[PDB]
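Q: Sequence first, structure after; it's an experimental one.
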Amino acid sequence: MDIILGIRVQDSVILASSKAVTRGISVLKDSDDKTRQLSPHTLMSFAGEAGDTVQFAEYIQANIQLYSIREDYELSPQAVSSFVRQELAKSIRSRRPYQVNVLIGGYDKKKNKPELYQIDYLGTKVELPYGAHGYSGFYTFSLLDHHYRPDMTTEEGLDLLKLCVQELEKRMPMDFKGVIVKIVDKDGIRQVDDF
Amino acid sequence: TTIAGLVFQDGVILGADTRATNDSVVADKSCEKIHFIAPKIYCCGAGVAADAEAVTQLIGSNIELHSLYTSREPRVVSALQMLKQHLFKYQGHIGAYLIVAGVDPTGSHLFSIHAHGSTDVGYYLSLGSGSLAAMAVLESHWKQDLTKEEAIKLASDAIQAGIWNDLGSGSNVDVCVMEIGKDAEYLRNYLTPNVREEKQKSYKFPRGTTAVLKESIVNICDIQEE
Amino acid sequence: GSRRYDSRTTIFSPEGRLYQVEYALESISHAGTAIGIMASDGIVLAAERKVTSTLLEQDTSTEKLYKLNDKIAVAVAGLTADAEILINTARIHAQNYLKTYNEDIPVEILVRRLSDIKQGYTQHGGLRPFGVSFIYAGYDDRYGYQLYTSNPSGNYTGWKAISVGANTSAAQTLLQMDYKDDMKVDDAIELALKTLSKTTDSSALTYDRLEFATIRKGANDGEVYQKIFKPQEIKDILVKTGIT
Amino acid sequence: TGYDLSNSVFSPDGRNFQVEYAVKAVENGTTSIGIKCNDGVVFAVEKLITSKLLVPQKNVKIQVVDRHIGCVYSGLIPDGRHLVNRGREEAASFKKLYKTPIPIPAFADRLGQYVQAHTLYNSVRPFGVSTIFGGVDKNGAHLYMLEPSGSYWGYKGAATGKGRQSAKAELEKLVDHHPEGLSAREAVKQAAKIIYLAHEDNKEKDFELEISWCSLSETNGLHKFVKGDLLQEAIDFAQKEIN
Amino acid sequence: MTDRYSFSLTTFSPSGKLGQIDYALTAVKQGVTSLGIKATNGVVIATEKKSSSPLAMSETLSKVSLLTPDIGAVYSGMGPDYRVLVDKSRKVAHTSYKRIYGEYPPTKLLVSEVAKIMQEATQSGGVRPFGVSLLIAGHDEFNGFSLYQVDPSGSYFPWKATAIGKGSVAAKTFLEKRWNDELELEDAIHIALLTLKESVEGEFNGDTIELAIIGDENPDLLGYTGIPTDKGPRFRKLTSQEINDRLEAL
Amino acid sequence: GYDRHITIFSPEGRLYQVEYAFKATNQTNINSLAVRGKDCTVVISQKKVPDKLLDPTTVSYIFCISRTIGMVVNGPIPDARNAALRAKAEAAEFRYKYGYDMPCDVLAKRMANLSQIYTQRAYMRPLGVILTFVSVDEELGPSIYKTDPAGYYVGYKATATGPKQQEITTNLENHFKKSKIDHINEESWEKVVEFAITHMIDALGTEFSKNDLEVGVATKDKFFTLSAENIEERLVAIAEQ
Amino acid sequence: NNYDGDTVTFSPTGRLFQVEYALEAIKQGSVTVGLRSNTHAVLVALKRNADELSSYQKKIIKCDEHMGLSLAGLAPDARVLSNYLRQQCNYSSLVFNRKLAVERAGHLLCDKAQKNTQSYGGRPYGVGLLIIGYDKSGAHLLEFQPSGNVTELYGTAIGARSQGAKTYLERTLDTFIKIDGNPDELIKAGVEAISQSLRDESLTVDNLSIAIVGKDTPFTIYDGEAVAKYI
Amino acid sequence: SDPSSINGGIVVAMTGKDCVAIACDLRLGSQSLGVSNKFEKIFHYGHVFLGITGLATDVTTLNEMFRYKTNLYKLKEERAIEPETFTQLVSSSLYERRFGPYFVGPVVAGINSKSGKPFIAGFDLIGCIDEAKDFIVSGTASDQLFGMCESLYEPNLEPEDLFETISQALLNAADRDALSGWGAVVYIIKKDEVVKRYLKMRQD
Amino acid sequence: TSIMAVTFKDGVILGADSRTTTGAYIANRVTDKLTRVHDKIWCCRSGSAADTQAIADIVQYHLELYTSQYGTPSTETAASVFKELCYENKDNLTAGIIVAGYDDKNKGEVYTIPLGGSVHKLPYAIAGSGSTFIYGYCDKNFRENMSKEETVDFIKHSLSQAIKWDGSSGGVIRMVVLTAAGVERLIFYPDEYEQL
Ligand SMILES: [Cl-]
Ligand SMILES: [Mg+2]
Ligand SMILES: [Mg+2]
Ligand SMILES: [Mg+2]
Ligand SMILES: [Mg+2]
């Protein structure tokens, strides 16, 4: 899969993920949702090798949902990201590694803070104000470095994200067919249906 | 690396340089390549340093347990057999080249051991990148019924040849002397022919030279009680 | 063959009881009494040693109170050797959780894990159960201060105050009489020692026959601190509370 | 009491009663013998004709191991077959590694250790057979007899089964009367006689004689069955001696 | 040929007793007396060399064993069970500690490992408990000198002084009267010899007594020179002559 | 009463199966003796061939374990051969792994440890044998080490095993009480064998022919057994003084 | 008594009671007869029904084109042993291009049954088998007992009342052995033999089961109206 | 492709008079791309400090592994692990993965609580110990650090002088390495106080 | 390496050079390639020094255990144990071994085991890199039932030529004589054999 972006603002985390699924010669789909809800206040977007991406995401989703039922409690975003990192770090020395890069956007209900975690297929974890995987950061980070403020509203975060996507649409060779955008805050997860 | 071993009148002696190099850079200028196996059994290690050290420690541990079990002082042939069988099992993947020497109830012994598990018996041996330089000295001056004073001289001369003429070897000379009916004497830094000269200048900075963003105290203590 | 000699440790009686569990509990009833009391600002663990000897080196001795991590401790009643096998397993589970999630293990999760291990020995394997009852004293950010007990059956329950070992019937009546919900640690310390002093089979309760510990939120600057009491410190608290 | 209910339990005497009970199964079986001769060994066995419906010469009891060892046994016949199957595996692996065919003393210990192993655990039953076996190796002729306990010794003559006392007495006469030794062809004749004499203990049913032999001069050191004219000559000799 | 005892041979009786552990303790009680005394600057462990025959060479039978250079052990009960425990204890000191940390384990942790092995024979399938109580004396840098007892159950307790086996009840009463916290090692050896004389019937000399100490570092026993940090073993077994010298000042 | 059937503790702290294995030891009704010279270790054992049908050359309770080590067994032959095969396997493995010949006392310890396991583990029975190992060890010199079903072992100056062991033991005890040394002060092994046979004759009160005895001799770098004609030469020398 | 709790235990007189109890299951089973000449070998089996609504339990199982058996006792144990025979016959054909000798088939069944009599946990097989076959040495008939004992015979019978048939075959021995190149007469002799073991019941069309193998005859089973000829 | 230089970064440790110093840069990258300027490479277990350079997933994994092991050590030993003992634990742990190693360059720094002796050590990826008196270097600019340290270092520096020496060694080494920089941290460690200082440096 | 074994009237003689090389460097100039697996069963080793030493040590263990159980093994038995190890592990071994031994029954026997792990019983055998240069010489000069002195000369002259032409061979010529009389070691120095 191609472009996955993340930006943590004042009171929410915004994840933007491309809609295209290309199998070599043809674009098979232009409405693909590259994300799974792990818990009510934690969302994970993903990109990497075909098959492995969804298999990994759903496997993580199942384990976090299992934890939620057992303890009657939602794990913090930090705890979920550490669990995800360990599974990827375990994977890299396997017989056949998961080639999957993820962003984990969550709202910590205890601390009342949005949190964004970037984890690559090796199990390299970093907490960031904004992040990306693959070539997405090469185009967008100069704009984010310039315009980003920690006290941005959700609407300002979306406007900065539009500028990032516009720059991607201008300079990237591949047609990624636009992005699905989702917001993670104190009220949970919702999709921005017009972008 | 230059390591050497040779036998004399009523003993055996080991020699080694003290330089560890990864690629072209000197990682360590004073490392110990003469390894302890038993009180009177020692091992010079060449090749991959971690492997040589690890293999001597494992066999040294097993030799100690064997010695306790049998109520006998360990033999060099036991250390030799255990090392070669271990190294053979790993088909050279443990890249240890060793010179094993010691004294035991049987007498004094000197063996070499290669990474694939072949062993040799010798009166004088050398291993490592400096082996050819060291062996030139041993072939020139080694003789039968050497005295201890002559043997230490020859062993250190063999290691020096490696130090000066091999880029892989350098720094100081370590020696270990194992004589019959005596405690083994481990002579670390037996020779020190490569002390650095005094520098031209002092590079100590004025205080406040470095720019600092933040200062904080790190709490390294257990949680306190009130 | 071998069948002849098998006691069959994991079977029901005609009444639907697990023989070996019931007999393990009988063993535990002869062990030194351990008491746990939970307060608003901390937990107390008090326990009586059965050594009863002058030459025993008390300051380096540990038979009753063990540390599982920085936030959780246990009081032991039963076979000490059996308890140490389980304690080491619990210590590993806590560190596994910390490695996986980067957060200290919640108290109940640790308790459930150990209790599940005990349960397994009663249902399969043909081995004798662990002759151990634990009092778990711990803290986490979800439920705060918590007391639990587990027994050889693998059943565990939560408590405000509880006893295990000898004279638990008598001990639980005394705790039920004087415990209140708004109680503080200093009051709970006094209750635990007074209860042991009345239920003890010994002629008098002294410092050399006790192990004592507190978990108090009230480490400098809002952190939780475990305090395993030294012999001299047990002697002082006995004089303070007016028992010696 | 209860010491006899489980194999590998020592009684207060220091006895393994389950092994002693296996001996009773051996004592209940048909008579089998072995005779050591000058350059080889002869084996013979009594086969009870339970009925006319048994096909003559078909239910062969003596078994070969490798090409040079003969085995015969008395007691539980399936147990004897199981032991010979093991013996064949032991002889095959010996020859695989060391090239030379298994020597007889070596082979004896392979069977011995295996039988002895079945007295070490309560999860197995001891062997209900005594096995007489032997042959020719590089050091000459060897005859052995192996009991349910795992015990074995070398023999000049050996006998086991229901008629063992009778047979043993006859073997003891041959040893005394022939210190210089007995020829292979003589031993075949004498083996026939001894089985016929030992048949007084099983006199109710009639029987069938079966003989085999290994001899350096007569069989090139290979195990062979005595057949046809040589077998009939031995039967005639035996029939003449009883009358 | 299969091991079918996969079930516990030690089980709880209706009264809450673990029979096989109690019976193992009875075997320890029949065993020859051994003791341990802790001083300020050392520990002493001692026992009687009960020779089964005068033709036997009792020097070849070591009741007092080195476990590590700074830790020693003695027992009461079944000798063969002790010997195999010493083998396992020496090996576990290497595999679960020295090969990881590059140093010998402290006394309490090696004891913990021995205790674990003994506990497992009390719960695992198809085995009986060990019929020995051990007394383990040792030194380490951070804990100093220490003395531990280990029972068939796997339980262990630290002692200032104690005795186990035949005459342990009388011996422990003797040690309570004599022990204080200001004893030097030579005083503890003297008390050990006095205590042990009461439980010995026959000959009482260096050839019939086995005695070892955990004391000062012995660089003479190390076997090599040239490493300042290695100063030699604190465990030392007293000779037959060394014991007889102290029996004159008795 | 299943505490008498398997190796678990009785209420007295005893292992009855171990005690009964000791009784199996004397089932052969054979007495053995071992003594040490200056340069050698001699072991003698009674040889009884009750059946005339037996091949007397194959009747033996002395085993050549390795070149340097010999072993005599007191107990039934199946267990004797079980112990013999294992000791041979252990001696060969030792030499392969550690590069020198297995010492007599170390083999004894190893076999004793194996015997200890059968007293602790339920599924394995003890072997009903007492094993007496002999050698001239390269470090310790002449050596006798004996193992039993309890897993006990110890070194000996001299030893005796069998039904009449006490009579032999006391005879040997009395000799060493006179001489005040740990061995037979004699140069040749031939005379040490003559001592061994003489003191067994005195202790048991029976005369021996060449076929009534079995002899094993350990010297430096080899252990060997004497033939009937070697023993006969020994018996002639005894009678001639 | 005390020594019949498992197969691993000898009695004081050297008997294996579990094996003898397995032998008893065969005596309760329905009668089956085996007999042969030099050219052919025949099995005749009296099948048993549960009641008048039920089918008659099959007694004969084909193992190969040249071999097969009849059973008496526990039918599931016959299924296990016949399946093992099928595999050994098949192994011989696939690996060696060789038809398995009937004598060697008996040796394999003996050894398989033996292992169950010497080990803890298992039980003896509770079935008796009569194996017929035609191989390179002509016609053969075997009797298998679950003790392990396998016996080569001219004729025999096993099951309830089998002694009547076995006595008849003992008398007729000299006659039926000579029935060469005449399959119908050999079957007649087998049907006449099994009739000596009948009481109250007689041989009907769905009661009788016959099998035959011979020189130029593959192992074939006859049931139903195919055996009406011989009633 | 080379696992030890994908993420980049450096660690240096030095001894002084009654003190030790350990320092590291803050960069984490994906080759040319700078990803994080807050990736600290120094961790501590009681009073023992561990710096780790190399592949970042292994840096995180080994930290979590040694936290695990030193926590269990403390519970069993009833005391904090010492630098000398921890060094052997790092070496053991790395060598057990001999044929599938962690791609890292660890550095140990600390003061022995009983003797008061300053201690530093470095390792290769399979656990070979370099126990230097003077200084230890590690990471993608280890050559540059060797050059700085070998000239700038002198023995027995006071804590506040040692701070200047180690800081200037790190900074100028990092400025000659593409894959290091983006901030820096220096720990000054004394027997019972530890000061942590973030340095100001060029952000390219 | 230059190795050979030669049967003669009184028994067998094994012969070898003493050079061990790592490329063109002589790692050991006084190697003993004549190795003892039993009292009167020896072998000559060629190929991987690690492999042939590992094999020879295992064989020595097998024959020691054989001897404890079954008495003295034949030379054929020793060759068979060598073959079993070489043949079954042919994919992971580079070993060329000549086995030579003396029985009283069979007298002197020689077996050669080349790379594949096949066995060939021969009156004499040559092997190692230097043996290529003396196939012609050895074939022309070998006779059956030579004396001890003739056989020593034959081996000395043969290995002298092998050493002369092969860079991988050199040093001293070691020999081991196996007869009823016992085991005799011989050594021949360069100044002796070079002038032949
Ligand atoms: Cl052992
Ligand atoms: Mg047992
Ligand atoms: Mg830079
Ligand atoms: Mg830049
Ligand atoms: Mg040349």
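A: Great, that's in hand. Numbers count the residues shown, from 1 in each chain, chains lettered A, B, ... in the order given. Ligands and ions are numbered 1, 2, ... in the order given.
Q: quick one, strands of the chain?
A: With no chain named, the answer covers chain A. Here chain A has its strands, by DSSP state E, at A:4-8, A:12-18, A:21-23, A:26-29, A:35-39, A:42-48, A:100-108, A:113-119, A:125-127, A:130-132, A:179-185, A:188-192.
Q: ah, I was thinking of chain I
A: Ranges of strands in chain I, per DSSP E, are I:3-8, I:11-16, I:20-22, I:25-28, I:34-38, I:41-47, I:95-102, I:108-113, I:120-122, I:124-127, I:173-179, I:182-188.
Q: tell me what the last one is packed against?
A: Counting contacts by 3 or more Cβ pairs under 8 Å, 6 or more residues apart in numbering or on different chains; DSSP states H and E, strand I:182-188 is packed against strand I:173-179. Where C-beta positions appear, they are placed from N, C-alpha and C, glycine not excepted.
Q: what do you get for the fifth one?
A: Applying 3+ Cβ pairs under 8 Å, 6+ apart, one finds that strand I:34-38 makes contact with strand I:11-16, strand I:41-47, helix I:49-70, strand I:173-179.
Q: These into TSV, with extra columns for distance to chain A?
A: Converted to TSV, these look like this (distance: least, Cβ to the nearest Cβ, whole Å):
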stretch	distance to chain A
strand I:11-16	48
strand I:41-47	35
helix I:49-70	30
strand I:173-179	51
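Q: closest to chain H out of those?
A: helix I:49-70 (19.3 Å; Cβ to the nearest Cβ).
Q: Taking chain G, what residue is nearest to chain H?
A: residue G:121 (41.2 Å).
Q: Let me know whether that residue touches residue D:122 as I believe.
A: No - applying Cβ atoms under 8 Å as the test, residue G:121 and residue D:122 come out as separate, 11.9 Å apart.
Q: hang on, the earlier thing: tell me which of the strands of chain A approaches chain B most closely.
A: Closest to chain B of these, according to Cβ to the nearest Cβ: strand A:125-127, at 18.6 Å.
Q: partners of the closest one, with directions?
A: strand A:113-119 (antiparallel) (DSSP bridges).
Q: and the angle from the partner strand to strand A:179-185?
A: With axes from the mean of the first three to the mean of the last three Cα atoms, to 10 degrees applied, the angle from strand A:113-119 to strand A:179-185 works out at 130 degrees.
Q: Please work out which residues outside strand A:113-119 touch it.
A: Contact with strand A:113-119 is made by A:6-13, A:77-78, A:81, A:84-85, A:88, A:101-108, A:125-133, A:184-185, H:35, as judged by Cβ atoms under 8 Å, 6 or more residues apart in numbering or on different chains.
Q: Name the residues of chain F found near chain E, please.
A: Residues of chain F that fall close to chain E, judged by Cβ under 8 Å from any Cβ of the partner chain: F:6-14, F:105, F:109, F:112-113, F:115-117, F:119-123, F:145, F:150-152, F:154-159, F:169, F:172-173, F:176, F:182.
Q: Can you tell me which of those are buried?
A: F:6-9, F:13-14, F:105, F:109, F:112-113, F:115-116, F:119-123, F:145, F:150-152, F:154-159, F:169, F:172, F:176 (16 or more other Cβ atoms under 10 Å in any protein chain shown).
Q: Now the residue nearest the centre of chain I. Nearest residue, chain neighbours left out?
A: The residue lying closest to the centre of chain I (Cα atoms, centre = their mean) is residue I:44, at 2.8 Å. Excluding its sequence neighbours, the residue lying closest to residue I:44 (Cβ to Cβ, 6 or more residues apart in numbering or on different chains) is residue I:3, at 3.7 Å.
Q: what does residue F:35 give?
A: residue F:158 (4.4 Å).
Q: still on that earlier bit, compare residue G:121 and residue D:122 (neighbour count), which wins?
A: The residue with more neighbours, out of residue G:121 and residue D:122, is residue D:122; 27 against 14, by other Cβ atoms under 10 Å in any protein chain shown.
Q: and the residue nearest to the more buried one when sequence neighbours are not counted, what are its phi and psi?
A: Among residues not flanking residue D:122 along the chain, residue D:6 sits closest, at 4.7 Å (Cβ to Cβ, 6+ apart). In terms of degrees, to the nearest 10, the main-chain angles of residue D:6 are phi -130, psi 130.
Q: separation between residue D:6 and chain A?
A: Distance of residue D:6 to chain A, given as Cβ to the nearest Cβ, to the nearest Å: 48 Å.
Q: Please enumerate the strands of chain E.
A: In chain E, the segments counted as strands under DSSP E are E:34-38, E:43-48, E:65-68, E:71-77, E:132-140, E:144-150, E:156-158, E:161-164, E:209-214, E:224-225, E:235-237.
Q: Save the ones you listed as JSON lines, and put in mean neighbour count and distance to residue D:134 too.
A: Putting those into JSON lines (neighbours: other Cβ atoms under 10 Å in any protein chain shown; distance: least, Cβ to Cβ, whole Å) gives the following:
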{"stretch": "strand E:34-38", "mean neighbour count": "28", "distance to residue D:134": "57"}
{"stretch": "strand E:43-48", "mean neighbour count": "28", "distance to residue D:134": "56"}
{"stretch": "strand E:65-68", "mean neighbour count": "24", "distance to residue D:134": "51"}
{"stretch": "strand E:71-77", "mean neighbour count": "28", "distance to residue D:134": "50"}
{"stretch": "strand E:132-140", "mean neighbour count": "27", "distance to residue D:134": "50"}
{"stretch": "strand E:144-150", "mean neighbour count": "22", "distance to residue D:134": "56"}
{"stretch": "strand E:156-158", "mean neighbour count": "22", "distance to residue D:134": "60"}
{"stretch": "strand E:161-164", "mean neighbour count": "28", "distance to residue D:134": "58"}
{"stretch": "strand E:209-214", "mean neighbour count": "24", "distance to residue D:134": "55"}
{"stretch": "strand E:224-225", "mean neighbour count": "16", "distance to residue D:134": "61"}
{"stretch": "strand E:235-237", "mean neighbour count": "20", "distance to residue D:134": "57"}
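Q: Distance to residue D:114 for those - can I get that in TSV?
A: Below are the strands of chain E laid out as TSV (distance: least, Cβ to Cβ, whole Å):
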stretch	distance to residue D:114
strand E:34-38	45
strand E:43-48	45
strand E:65-68	39
strand E:71-77	37
strand E:132-140	36
strand E:144-150	42
strand E:156-158	45
strand E:161-164	45
strand E:209-214	45
strand E:224-225	52
strand E:235-237	46
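Q: Closest approach to chain C from chain G, which residue is it?
A: residue G:120 (3.7 Å).
Q: Skipping adjacent residues, who's closest to that residue in space?
A: Leaving aside its chain neighbours, residue G:120 sits nearest to residue C:1 (3.7 Å; criterion: Cβ to Cβ, 6+ apart).
Q: What of residue E:68?
A: The shortest distance from residue E:68 to any residue other than its chain neighbours is 4.3 Å, reached at residue E:104 (Cβ to Cβ, 6+ apart).
Q: From residue E:73, how far out is the one you found?
A: Here the criterion is Cβ to Cβ, to the nearest Å. By it, residue E:104 lies 14 Å from residue E:73.
Q: And for residue H:137?
A: Distance of residue H:137 to residue E:73, computed by Cβ to Cβ: 46 Å.
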